[PDB]
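Printed here is target-v3.cif (mmCIF, C-alpha atoms; chains and numbers go by the auth columns):
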```cif
data_protein
loop_
_atom_site.group_PDB
_atom_site.id
_atom_site.type_symbol
_atom_site.label_atom_id
_atom_site.label_comp_id
_atom_site.label_asym_id
_atom_site.label_seq_id
_atom_site.Cartn_x
_atom_site.Cartn_y
_atom_site.Cartn_z
_atom_site.B_iso_or_equiv
_atom_site.auth_seq_id
_atom_site.auth_asym_id
ATOM 1 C CA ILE A 1 -10.032 0.715 9.765 0.00 1 T
ATOM 2 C CA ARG A 2 -12.103 -2.469 10.068 0.00 2 T
ATOM 3 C CA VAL A 3 -11.648 -5.778 8.243 0.00 3 T
ATOM 4 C CA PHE A 4 -14.442 -8.251 9.072 0.00 4 T
ATOM 5 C CA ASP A 5 -13.924 -11.977 8.269 0.00 5 T
ATOM 6 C CA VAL A 6 -12.634 -11.222 4.788 0.00 6 T
ATOM 7 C CA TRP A 7 -11.970 -14.005 2.278 0.00 7 T
ATOM 8 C CA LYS A 8 -10.526 -13.424 -1.191 0.00 8 T
ATOM 9 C CA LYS A 9 -9.975 -15.928 -3.968 0.00 9 T
ATOM 10 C CA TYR A 10 -8.553 -15.897 -7.496 0.00 10 T
ATOM 11 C CA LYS A 11 -9.083 -18.274 -10.399 0.00 11 T
ATOM 12 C CA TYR A 12 -5.950 -20.339 -11.054 0.00 12 T
ATOM 13 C CA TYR A 13 -5.087 -22.227 -14.273 0.00 13 T
ATOM 14 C CA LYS A 14 -2.632 -25.123 -14.314 0.00 14 T
ATOM 15 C CA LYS A 15 -1.633 -24.219 -17.887 0.00 15 T
ATOM 16 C CA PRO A 16 -2.619 -21.175 -20.032 0.00 16 T
ATOM 17 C CA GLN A 17 -4.851 -23.298 -22.287 0.00 17 T
ATOM 18 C CA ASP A 18 -7.317 -24.283 -19.548 0.00 18 T
ATOM 19 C CA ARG A 19 -8.173 -20.601 -19.923 0.00 19 T
ATOM 20 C CA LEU A 20 -8.876 -21.241 -23.619 0.00 20 T
ATOM 21 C CA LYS A 21 -10.891 -24.361 -22.809 0.00 21 T
ATOM 22 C CA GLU A 22 -13.002 -22.415 -20.311 0.00 22 T
ATOM 23 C CA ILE A 23 -14.382 -20.134 -23.033 0.00 23 T
ATOM 24 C CA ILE A 24 -14.916 -22.960 -25.530 0.00 24 T
ATOM 25 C CA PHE A 25 -16.277 -25.630 -23.141 0.00 25 T
ATOM 26 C CA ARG A 26 -18.274 -23.100 -21.019 0.00 26 T
ATOM 27 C CA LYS A 27 -17.313 -25.032 -17.843 0.00 27 T
ATOM 28 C CA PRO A 28 -14.597 -24.045 -15.352 0.00 28 T
ATOM 29 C CA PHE A 29 -11.083 -25.414 -15.867 0.00 29 T
ATOM 30 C CA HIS A 30 -9.644 -23.431 -12.961 0.00 30 T
ATOM 31 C CA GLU A 31 -9.035 -23.976 -9.269 0.00 31 T
ATOM 32 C CA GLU A 32 -10.445 -21.419 -6.834 0.00 32 T
ATOM 33 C CA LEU A 33 -7.493 -20.524 -4.594 0.00 33 T
ATOM 34 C CA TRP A 34 -7.898 -18.393 -1.477 0.00 34 T
ATOM 35 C CA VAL A 35 -5.265 -15.721 -0.912 0.00 35 T
ATOM 36 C CA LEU A 36 -7.187 -14.443 2.156 0.00 36 T
ATOM 37 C CA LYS A 37 -9.099 -16.680 4.600 0.00 37 T
ATOM 38 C CA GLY A 38 -11.143 -15.016 7.364 0.00 38 T
ATOM 39 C CA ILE A 39 -9.053 -11.915 8.056 0.00 39 T
ATOM 40 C CA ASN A 40 -10.172 -9.987 11.146 0.00 40 T
ATOM 41 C CA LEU A 41 -8.175 -6.818 11.590 0.00 41 T
ATOM 42 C CA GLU A 42 -8.566 -3.288 12.903 0.00 42 T
ATOM 43 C CA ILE A 43 -6.234 -0.383 12.199 0.00 43 T
ATOM 44 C CA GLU A 44 -7.023 2.305 14.737 0.00 44 T
ATOM 45 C CA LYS A 45 -6.390 6.024 14.421 0.00 45 T
ATOM 46 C CA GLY A 46 -2.958 7.069 15.632 0.00 46 T
ATOM 47 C CA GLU A 47 -1.200 3.691 15.486 0.00 47 T
ATOM 48 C CA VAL A 48 1.626 2.277 13.357 0.00 48 T
ATOM 49 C CA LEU A 49 0.704 -1.315 12.439 0.00 49 T
ATOM 50 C CA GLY A 50 3.492 -3.594 11.189 0.00 50 T
ATOM 51 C CA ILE A 51 2.592 -6.377 8.767 0.00 51 T
ATOM 52 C CA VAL A 52 5.124 -9.188 8.280 0.00 52 T
ATOM 53 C CA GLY A 53 5.176 -12.623 6.697 0.00 53 T
ATOM 54 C CA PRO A 54 6.534 -14.724 3.776 0.00 54 T
ATOM 55 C CA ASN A 55 6.187 -13.878 0.107 0.00 55 T
ATOM 56 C CA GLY A 56 2.984 -15.748 -0.704 0.00 56 T
ATOM 57 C CA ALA A 57 1.298 -14.922 2.601 0.00 57 T
ATOM 58 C CA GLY A 58 -1.238 -12.602 0.936 0.00 58 T
ATOM 59 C CA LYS A 59 0.128 -9.296 2.294 0.00 59 T
ATOM 60 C CA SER A 60 -0.344 -7.350 -0.937 0.00 60 T
ATOM 61 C CA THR A 61 -3.866 -8.670 -1.456 0.00 61 T
ATOM 62 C CA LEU A 62 -4.610 -7.601 2.136 0.00 62 T
ATOM 63 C CA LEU A 63 -3.253 -4.128 1.317 0.00 63 T
ATOM 64 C CA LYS A 64 -5.538 -3.901 -1.716 0.00 64 T
ATOM 65 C CA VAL A 65 -8.600 -5.004 0.237 0.00 65 T
ATOM 66 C CA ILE A 66 -7.726 -2.392 2.862 0.00 66 T
ATOM 67 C CA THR A 67 -7.387 0.326 0.243 0.00 67 T
ATOM 68 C CA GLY A 68 -10.474 -0.870 -1.637 0.00 68 T
ATOM 69 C CA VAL A 69 -8.658 -1.501 -4.941 0.00 69 T
ATOM 70 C CA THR A 70 -10.071 -5.024 -4.507 0.00 70 T
ATOM 71 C CA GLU A 71 -13.356 -6.252 -3.046 0.00 71 T
ATOM 72 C CA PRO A 72 -13.599 -9.233 -0.681 0.00 72 T
ATOM 73 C CA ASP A 73 -15.448 -12.374 -1.741 0.00 73 T
ATOM 74 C CA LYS A 74 -16.756 -12.843 1.815 0.00 74 T
ATOM 75 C CA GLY A 75 -16.868 -10.428 4.730 0.00 75 T
ATOM 76 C CA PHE A 76 -16.423 -6.691 4.496 0.00 76 T
ATOM 77 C CA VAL A 77 -14.106 -3.778 5.089 0.00 77 T
ATOM 78 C CA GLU A 78 -15.067 -0.343 6.361 0.00 78 T
ATOM 79 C CA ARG A 79 -12.905 2.748 6.586 0.00 79 T
ATOM 80 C CA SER A 80 -13.404 6.278 7.851 0.00 80 T
ATOM 81 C CA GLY A 81 -11.287 7.855 5.125 0.00 81 T
ATOM 82 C CA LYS A 82 -8.889 7.410 2.244 0.00 82 T
ATOM 83 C CA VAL A 83 -5.943 5.002 2.294 0.00 83 T
ATOM 84 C CA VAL A 84 -2.853 5.892 0.248 0.00 84 T
ATOM 85 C CA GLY A 85 -0.121 3.455 -0.722 0.00 85 T
ATOM 86 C CA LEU A 86 2.250 2.249 -3.466 0.00 86 T
ATOM 87 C CA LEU A 87 -0.504 1.668 -6.025 0.00 87 T
ATOM 88 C CA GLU A 88 -1.793 5.235 -5.724 0.00 88 T
ATOM 89 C CA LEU A 89 1.634 6.843 -6.268 0.00 89 T
ATOM 90 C CA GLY A 90 1.596 8.913 -9.434 0.00 90 T
ATOM 91 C CA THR A 91 -1.899 7.842 -10.474 0.00 91 T
ATOM 92 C CA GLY A 92 -2.962 9.932 -13.458 0.00 92 T
ATOM 93 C CA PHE A 93 0.587 11.179 -14.147 0.00 93 T
ATOM 94 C CA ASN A 94 0.840 12.362 -17.769 0.00 94 T
ATOM 95 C CA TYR A 95 4.357 12.696 -19.177 0.00 95 T
ATOM 96 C CA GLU A 96 3.311 15.345 -21.671 0.00 96 T
ATOM 97 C CA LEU A 97 2.227 17.546 -18.747 0.00 97 T
ATOM 98 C CA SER A 98 4.388 19.668 -16.474 0.00 98 T
ATOM 99 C CA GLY A 99 5.020 18.630 -12.897 0.00 99 T
ATOM 100 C CA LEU A 100 2.783 21.523 -11.856 0.00 100 T
ATOM 101 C CA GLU A 101 -0.147 20.181 -13.873 0.00 101 T
ATOM 102 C CA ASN A 102 0.540 16.652 -12.646 0.00 102 T
ATOM 103 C CA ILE A 103 0.322 17.872 -9.033 0.00 103 T
ATOM 104 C CA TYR A 104 -3.242 19.005 -9.744 0.00 104 T
ATOM 105 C CA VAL A 105 -4.158 15.815 -11.639 0.00 105 T
ATOM 106 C CA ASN A 106 -2.659 13.386 -9.097 0.00 106 T
ATOM 107 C CA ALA A 107 -3.665 15.251 -5.926 0.00 107 T
ATOM 108 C CA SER A 108 -7.245 15.495 -7.193 0.00 108 T
ATOM 109 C CA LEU A 109 -7.474 11.744 -7.812 0.00 109 T
ATOM 110 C CA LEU A 110 -6.007 11.169 -4.353 0.00 110 T
ATOM 111 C CA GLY A 111 -8.883 13.153 -2.853 0.00 111 T
ATOM 112 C CA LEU A 112 -7.887 16.808 -2.387 0.00 112 T
ATOM 113 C CA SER A 113 -10.186 19.613 -3.483 0.00 113 T
ATOM 114 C CA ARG A 114 -9.045 22.357 -5.851 0.00 114 T
ATOM 115 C CA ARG A 115 -8.815 24.801 -2.937 0.00 115 T
ATOM 116 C CA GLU A 116 -6.783 22.332 -0.881 0.00 116 T
ATOM 117 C CA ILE A 117 -4.264 21.856 -3.707 0.00 117 T
ATOM 118 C CA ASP A 118 -4.021 25.646 -4.094 0.00 118 T
ATOM 119 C CA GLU A 119 -3.388 25.829 -0.362 0.00 119 T
ATOM 120 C CA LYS A 120 -0.693 23.140 -0.430 0.00 120 T
ATOM 121 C CA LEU A 121 0.902 23.807 -3.824 0.00 121 T
ATOM 122 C CA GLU A 122 4.066 25.582 -2.702 0.00 122 T
ATOM 123 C CA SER A 123 4.561 23.111 0.167 0.00 123 T
ATOM 124 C CA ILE A 124 4.475 20.209 -2.292 0.00 124 T
ATOM 125 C CA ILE A 125 6.924 21.970 -4.610 0.00 125 T
ATOM 126 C CA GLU A 126 9.402 22.945 -1.882 0.00 126 T
ATOM 127 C CA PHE A 127 9.178 19.450 -0.354 0.00 127 T
ATOM 128 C CA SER A 128 10.006 17.931 -3.781 0.00 128 T
ATOM 129 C CA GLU A 129 13.119 20.125 -4.375 0.00 129 T
ATOM 130 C CA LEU A 130 12.051 20.184 -8.050 0.00 130 T
ATOM 131 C CA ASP A 131 11.326 23.943 -8.055 0.00 131 T
ATOM 132 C CA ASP A 132 13.567 24.603 -11.068 0.00 132 T
ATOM 133 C CA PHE A 133 11.822 21.900 -13.156 0.00 133 T
ATOM 134 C CA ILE A 134 8.196 22.230 -11.969 0.00 134 T
ATOM 135 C CA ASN A 135 7.010 23.896 -15.212 0.00 135 T
ATOM 136 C CA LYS A 136 8.890 21.428 -17.493 0.00 136 T
ATOM 137 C CA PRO A 137 7.096 18.296 -18.760 0.00 137 T
ATOM 138 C CA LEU A 138 7.594 15.013 -16.914 0.00 138 T
ATOM 139 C CA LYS A 139 8.945 13.413 -20.092 0.00 139 T
ATOM 140 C CA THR A 140 12.124 15.459 -19.497 0.00 140 T
ATOM 141 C CA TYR A 141 12.473 14.311 -15.856 0.00 141 T
ATOM 142 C CA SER A 142 14.781 11.585 -14.635 0.00 142 T
ATOM 143 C CA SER A 143 13.209 8.569 -12.992 0.00 143 T
ATOM 144 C CA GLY A 144 14.311 9.860 -9.595 0.00 144 T
ATOM 145 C CA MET A 145 12.622 13.218 -10.187 0.00 145 T
ATOM 146 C CA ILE A 146 9.363 11.482 -11.191 0.00 146 T
ATOM 147 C CA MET A 147 9.414 9.304 -8.076 0.00 147 T
ATOM 148 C CA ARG A 148 10.271 12.380 -5.995 0.00 148 T
ATOM 149 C CA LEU A 149 7.190 14.245 -7.267 0.00 149 T
ATOM 150 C CA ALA A 150 4.864 11.273 -6.709 0.00 150 T
ATOM 151 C CA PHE A 151 6.039 10.882 -3.102 0.00 151 T
ATOM 152 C CA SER A 152 5.803 14.624 -2.486 0.00 152 T
ATOM 153 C CA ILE A 153 2.211 14.928 -3.693 0.00 153 T
ATOM 154 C CA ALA A 154 1.013 11.741 -2.007 0.00 154 T
ATOM 155 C CA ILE A 155 2.477 12.518 1.428 0.00 155 T
ATOM 156 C CA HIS A 156 0.512 15.806 1.473 0.00 156 T
ATOM 157 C CA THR A 157 -2.950 14.362 0.695 0.00 157 T
ATOM 158 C CA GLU A 158 -3.952 13.849 4.384 0.00 158 T
ATOM 159 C CA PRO A 159 -5.494 10.352 4.065 0.00 159 T
ATOM 160 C CA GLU A 160 -6.674 8.467 7.129 0.00 160 T
ATOM 161 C CA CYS A 161 -3.955 5.847 6.531 0.00 161 T
ATOM 162 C CA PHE A 162 -0.612 5.593 4.691 0.00 162 T
ATOM 163 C CA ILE A 163 0.620 2.168 3.572 0.00 163 T
ATOM 164 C CA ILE A 164 4.412 2.049 3.525 0.00 164 T
ATOM 165 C CA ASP A 165 4.847 -0.868 1.089 0.00 165 T
ATOM 166 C CA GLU A 166 7.930 -3.077 1.340 0.00 166 T
ATOM 167 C CA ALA A 167 9.252 -1.484 -1.875 0.00 167 T
ATOM 168 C CA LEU A 168 8.880 2.119 -0.647 0.00 168 T
ATOM 169 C CA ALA A 169 11.554 1.511 1.996 0.00 169 T
ATOM 170 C CA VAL A 170 14.386 2.380 -0.406 0.00 170 T
ATOM 171 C CA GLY A 171 14.873 6.067 -1.049 0.00 171 T
ATOM 172 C CA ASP A 172 17.405 8.822 -1.425 0.00 172 T
ATOM 173 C CA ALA A 173 19.229 9.923 1.698 0.00 173 T
ATOM 174 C CA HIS A 174 17.852 12.865 3.718 0.00 174 T
ATOM 175 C CA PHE A 175 14.608 12.778 1.747 0.00 175 T
ATOM 176 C CA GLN A 176 13.530 9.899 3.987 0.00 176 T
ATOM 177 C CA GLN A 177 13.920 12.077 7.091 0.00 177 T
ATOM 178 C CA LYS A 178 11.599 14.709 5.590 0.00 178 T
ATOM 179 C CA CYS A 179 9.055 11.972 4.872 0.00 179 T
ATOM 180 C CA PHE A 180 9.665 10.543 8.346 0.00 180 T
ATOM 181 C CA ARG A 181 8.799 13.923 9.891 0.00 181 T
ATOM 182 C CA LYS A 182 5.623 14.250 7.809 0.00 182 T
ATOM 183 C CA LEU A 183 4.610 10.756 8.894 0.00 183 T
ATOM 184 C CA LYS A 184 5.000 11.598 12.612 0.00 184 T
ATOM 185 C CA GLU A 185 2.810 14.678 12.147 0.00 185 T
ATOM 186 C CA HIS A 186 0.255 12.480 10.366 0.00 186 T
ATOM 187 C CA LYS A 187 0.289 10.070 13.330 0.00 187 T
ATOM 188 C CA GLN A 188 -0.012 12.982 15.776 0.00 188 T
ATOM 189 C CA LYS A 189 -3.201 14.144 14.020 0.00 189 T
ATOM 190 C CA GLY A 190 -4.686 10.667 14.459 0.00 190 T
ATOM 191 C CA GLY A 191 -3.574 9.231 11.124 0.00 191 T
ATOM 192 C CA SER A 192 -2.599 5.583 10.958 0.00 192 T
ATOM 193 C CA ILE A 193 0.344 3.943 9.200 0.00 193 T
ATOM 194 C CA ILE A 194 0.700 0.391 7.915 0.00 194 T
ATOM 195 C CA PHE A 195 4.368 -0.639 7.700 0.00 195 T
ATOM 196 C CA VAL A 196 5.120 -3.713 5.532 0.00 196 T
ATOM 197 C CA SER A 197 8.701 -4.873 5.967 0.00 197 T
ATOM 198 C CA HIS A 198 11.072 -7.823 6.080 0.00 198 T
ATOM 199 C CA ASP A 199 13.311 -5.849 8.482 0.00 199 T
ATOM 200 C CA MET A 200 12.330 -7.290 11.870 0.00 200 T
ATOM 201 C CA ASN A 201 14.457 -4.764 13.779 0.00 201 T
ATOM 202 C CA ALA A 202 12.767 -1.898 11.923 0.00 202 T
ATOM 203 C CA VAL A 203 9.369 -3.361 12.842 0.00 203 T
ATOM 204 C CA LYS A 204 10.303 -3.346 16.524 0.00 204 T
ATOM 205 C CA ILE A 205 11.580 0.227 16.225 0.00 205 T
ATOM 206 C CA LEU A 206 8.725 1.842 14.301 0.00 206 T
ATOM 207 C CA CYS A 207 5.480 -0.016 15.000 0.00 207 T
ATOM 208 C CA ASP A 208 3.103 0.101 17.960 0.00 208 T
ATOM 209 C CA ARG A 209 1.739 -3.374 17.141 0.00 209 T
ATOM 210 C CA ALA A 210 2.029 -5.923 14.372 0.00 210 T
ATOM 211 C CA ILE A 211 0.451 -8.967 12.769 0.00 211 T
ATOM 212 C CA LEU A 212 2.135 -11.999 11.228 0.00 212 T
ATOM 213 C CA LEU A 213 0.473 -13.243 8.028 0.00 213 T
ATOM 214 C CA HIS A 214 1.013 -16.732 6.577 0.00 214 T
ATOM 215 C CA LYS A 215 -0.901 -18.556 3.822 0.00 215 T
ATOM 216 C CA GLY A 216 -3.708 -16.012 3.886 0.00 216 T
ATOM 217 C CA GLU A 217 -4.290 -15.992 7.659 0.00 217 T
ATOM 218 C CA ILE A 218 -3.220 -13.870 10.582 0.00 218 T
ATOM 219 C CA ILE A 219 -1.443 -16.342 12.852 0.00 219 T
ATOM 220 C CA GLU A 220 -0.092 -13.909 15.449 0.00 220 T
ATOM 221 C CA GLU A 221 -1.003 -10.453 16.672 0.00 221 T
ATOM 222 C CA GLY A 222 0.211 -8.118 19.345 0.00 222 T
ATOM 223 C CA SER A 223 3.455 -6.456 20.289 0.00 223 T
ATOM 224 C CA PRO A 224 6.189 -6.159 17.640 0.00 224 T
ATOM 225 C CA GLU A 225 8.445 -8.287 19.862 0.00 225 T
ATOM 226 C CA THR A 226 5.825 -11.049 20.049 0.00 226 T
ATOM 227 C CA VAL A 227 4.975 -11.031 16.371 0.00 227 T
ATOM 228 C CA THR A 228 8.625 -11.056 15.235 0.00 228 T
ATOM 229 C CA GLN A 229 9.455 -13.933 17.592 0.00 229 T
ATOM 230 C CA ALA A 230 6.513 -15.782 16.069 0.00 230 T
ATOM 231 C CA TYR A 231 7.889 -15.043 12.601 0.00 231 T
ATOM 232 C CA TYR A 232 11.248 -16.543 13.528 0.00 232 T
ATOM 233 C CA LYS A 233 9.464 -19.581 14.939 0.00 233 T
ATOM 234 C CA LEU A 234 7.585 -19.822 11.635 0.00 234 T
ATOM 235 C CA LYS A 235 10.788 -19.702 9.593 0.00 235 T
ATOM 236 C CA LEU A 236 12.175 -22.616 11.596 0.00 236 T
ATOM 237 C CA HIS A 237 9.308 -24.718 10.239 0.00 237 T
ATOM 238 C CA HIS A 238 8.248 -22.998 6.973 0.00 238 T
ATOM 239 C CA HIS A 239 10.523 -23.880 4.051 0.00 239 T
#
```
As structure tokens, what does this structure read like?
Amino acid sequence: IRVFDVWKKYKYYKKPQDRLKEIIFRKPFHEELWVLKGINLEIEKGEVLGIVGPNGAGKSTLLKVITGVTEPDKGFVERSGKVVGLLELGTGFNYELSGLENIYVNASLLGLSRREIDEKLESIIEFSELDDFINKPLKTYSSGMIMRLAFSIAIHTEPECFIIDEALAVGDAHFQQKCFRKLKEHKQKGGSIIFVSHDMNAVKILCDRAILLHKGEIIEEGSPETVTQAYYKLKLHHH
């Protein structure tokens, strides 16, 4: 929901041994590099926010500050509810356990109560199309079946916000439409969505507003049309 003047840095070593000299010398041999510099950002209930920018812009660090996987070095972030994205998919999955048991493990870590998972269990199964394999252990699943289960649990956990990472965009045909429908319902109940994409036409189609990120800063905000035109302008002068 609210990102307030957030800065984030990471220690950076010119060669792996400056790490080794740091422990032995007891003095830093690293450079403090800032992936995020004074981010101010609000994601409001009911909106789809597009986030675009080049590879080292800091997008994924911004996603982790938003979700709380990472804490800012300056500033703060506040949120009314849970955020679910790539890095939460399949958390706690155990390949010795059946897909039924992994629903309970994963859904619980993603915030649902035992009663809520009981209430949603058949929906998650039917949505997954795995019904014939739900009592078999994950170690017997194909990779596509494992991904299918992780998506199917996650999309039912009613967070405040879903992050649609740039990698999530690829998926099996017709399963996307089902997820697309769930995501519109989510938005209709006041949920928010963060769409991270390099598809500028998709950003204009799906998002209500967007930001352009570059070298750790938001350099443009507003309508998808405005932010994508600013991205093109940036790529005329960036690399």
Rank nothing, just name the residue among T:49, T:156, T:72, T:149 nearest to residue T:206, using all atoms listed in the file.
-> T:49
Would you be able to write out as an MDAnalysis selection string which residues have an atom within 7 Å of (2.7, 9.2, 7.4) in the file's coordinates, counting only C-alpha atoms?
-> chainID T and resid 155 162 182:184 186:187 193
For the interface of stretch 52-170 of chain T with stretch 215-235 of chain T (cut-off 9 Å, counting all atoms listed in the file), please tabulate each contacting residue of stretch 52-170 of chain T alongside its nearest pair of atoms and their separation in Å to one decimal, rows sorted by chain and increasing number, as JSON lines.
```
{"residue": "T:52", "atom": "CA", "partner": "T:231", "partner_atom": "CA", "distance": 7.8}
{"residue": "T:53", "atom": "CA", "partner": "T:231", "partner_atom": "CA", "distance": 6.9}
{"residue": "T:54", "atom": "CA", "partner": "T:215", "partner_atom": "CA", "distance": 8.4}
{"residue": "T:56", "atom": "CA", "partner": "T:215", "partner_atom": "CA", "distance": 6.6}
{"residue": "T:57", "atom": "CA", "partner": "T:215", "partner_atom": "CA", "distance": 4.4}
{"residue": "T:58", "atom": "CA", "partner": "T:216", "partner_atom": "CA", "distance": 5.1}
{"residue": "T:59", "atom": "CA", "partner": "T:216", "partner_atom": "CA", "distance": 7.9}
{"residue": "T:62", "atom": "CA", "partner": "T:216", "partner_atom": "CA", "distance": 8.6}
```
Please dump the current selection as a compact mmCIF listing (two decimals), keeping the file's coordinate frame; keep C-alpha atoms.
```
# COMPACT_ATOMS: atom_id res chain seq x y z
CA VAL T 52 5.12 -9.19 8.28
CA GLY T 53 5.18 -12.62 6.70
CA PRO T 54 6.53 -14.72 3.78
CA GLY T 56 2.98 -15.75 -0.70
CA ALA T 57 1.30 -14.92 2.60
CA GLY T 58 -1.24 -12.60 0.94
CA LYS T 59 0.13 -9.30 2.29
CA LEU T 62 -4.61 -7.60 2.14
```
Could you tell me which of T:20, T:173, T:163, T:213 comes closest to residue T:64 if we count all atoms listed in the file?
->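 Using all atoms listed in the file, the shortest distance to residue T:64 belongs to T:163.
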Which one of T:36, T:208, T:92, T:158 sits closest to residue T:185 if you count only C-alpha atoms?
->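 Ranking T:36, T:208, T:92, T:158 by distance to residue T:185, first place goes to T:158.
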Find the residue from T:153, T:97, T:41, T:169 that sits nearest to residue T:120; use all atoms listed in the file when measuring.
-> T:153
Record the distance separating atom CA of residue T:194 and atom CA of residue T:66, expressed in Å with one decimal.
->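 If I compute the distance from atom CA of residue T:194 to atom CA of residue T:66, I get 10.2 Å.
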Check which residues satisfy the PyMOL selection byres ((chain T and resi 135-145) around 12) in the file shown, then give them as a PDB file with C-alpha atoms, in the coordinates of the input.
```pdb
ATOM      1  CA  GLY T  90       1.596   8.913  -9.434  1.00  0.00           C
ATOM      2  CA  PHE T  93       0.587  11.179 -14.147  1.00  0.00           C
ATOM      3  CA  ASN T  94       0.840  12.362 -17.769  1.00  0.00           C
ATOM      4  CA  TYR T  95       4.357  12.696 -19.177  1.00  0.00           C
ATOM      5  CA  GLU T  96       3.311  15.345 -21.671  1.00  0.00           C
ATOM      6  CA  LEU T  97       2.227  17.546 -18.747  1.00  0.00           C
ATOM      7  CA  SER T  98       4.388  19.668 -16.474  1.00  0.00           C
ATOM      8  CA  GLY T  99       5.020  18.630 -12.897  1.00  0.00           C
ATOM      9  CA  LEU T 100       2.783  21.523 -11.856  1.00  0.00           C
ATOM     10  CA  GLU T 101      -0.147  20.181 -13.873  1.00  0.00           C
ATOM     11  CA  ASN T 102       0.540  16.652 -12.646  1.00  0.00           C
ATOM     12  CA  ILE T 103       0.322  17.872  -9.033  1.00  0.00           C
ATOM     13  CA  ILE T 125       6.924  21.970  -4.610  1.00  0.00           C
ATOM     14  CA  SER T 128      10.006  17.931  -3.781  1.00  0.00           C
ATOM     15  CA  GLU T 129      13.119  20.125  -4.375  1.00  0.00           C
ATOM     16  CA  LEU T 130      12.051  20.184  -8.050  1.00  0.00           C
ATOM     17  CA  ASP T 131      11.326  23.943  -8.055  1.00  0.00           C
ATOM     18  CA  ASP T 132      13.567  24.603 -11.068  1.00  0.00           C
ATOM     19  CA  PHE T 133      11.822  21.900 -13.156  1.00  0.00           C
ATOM     20  CA  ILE T 134       8.196  22.230 -11.969  1.00  0.00           C
ATOM     21  CA  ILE T 146       9.363  11.482 -11.191  1.00  0.00           C
ATOM     22  CA  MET T 147       9.414   9.304  -8.076  1.00  0.00           C
ATOM     23  CA  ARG T 148      10.271  12.380  -5.995  1.00  0.00           C
ATOM     24  CA  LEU T 149       7.190  14.245  -7.267  1.00  0.00           C
ATOM     25  CA  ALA T 150       4.864  11.273  -6.709  1.00  0.00           C
ATOM     26  CA  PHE T 151       6.039  10.882  -3.102  1.00  0.00           C
ATOM     27  CA  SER T 152       5.803  14.624  -2.486  1.00  0.00           C
ATOM     28  CA  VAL T 170      14.386   2.380  -0.406  1.00  0.00           C
ATOM     29  CA  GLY T 171      14.873   6.067  -1.049  1.00  0.00           C
ATOM     30  CA  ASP T 172      17.405   8.822  -1.425  1.00  0.00           C
ATOM     31  CA  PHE T 175      14.608  12.778   1.747  1.00  0.00           C
TER      32      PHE T 175
END
```
Quick one: of T:47, T:42, T:71, T:160, who's nearest to residue T:1, counting all atoms listed in the file?
-> T:42
Between T:106, T:176, T:192, T:197, which has the minimum distance to residue T:157 (counting all atoms listed in the file)?
->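 Going through T:106, T:176, T:192, T:197 one by one, the smallest distance to residue T:157 is for T:106.
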Could you list as a list in words every residue that has an atom within 6 Å of (-4.0, -16.5, -6.7), using the file's coordinates and counting all atoms listed in the file?
-> residues 10, 33 and 35 of chain T
Tell me, in Å to one decimal, how far atom CA of residue T:2 is from atom CA of residue T:83.
->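 So the two atoms, atom CA of residue T:2 and atom CA of residue T:83, lie 12.4 Å apart.
For the pair atom CA of residue T:209 and atom CA of residue T:48, the separation is 6.8 Å.
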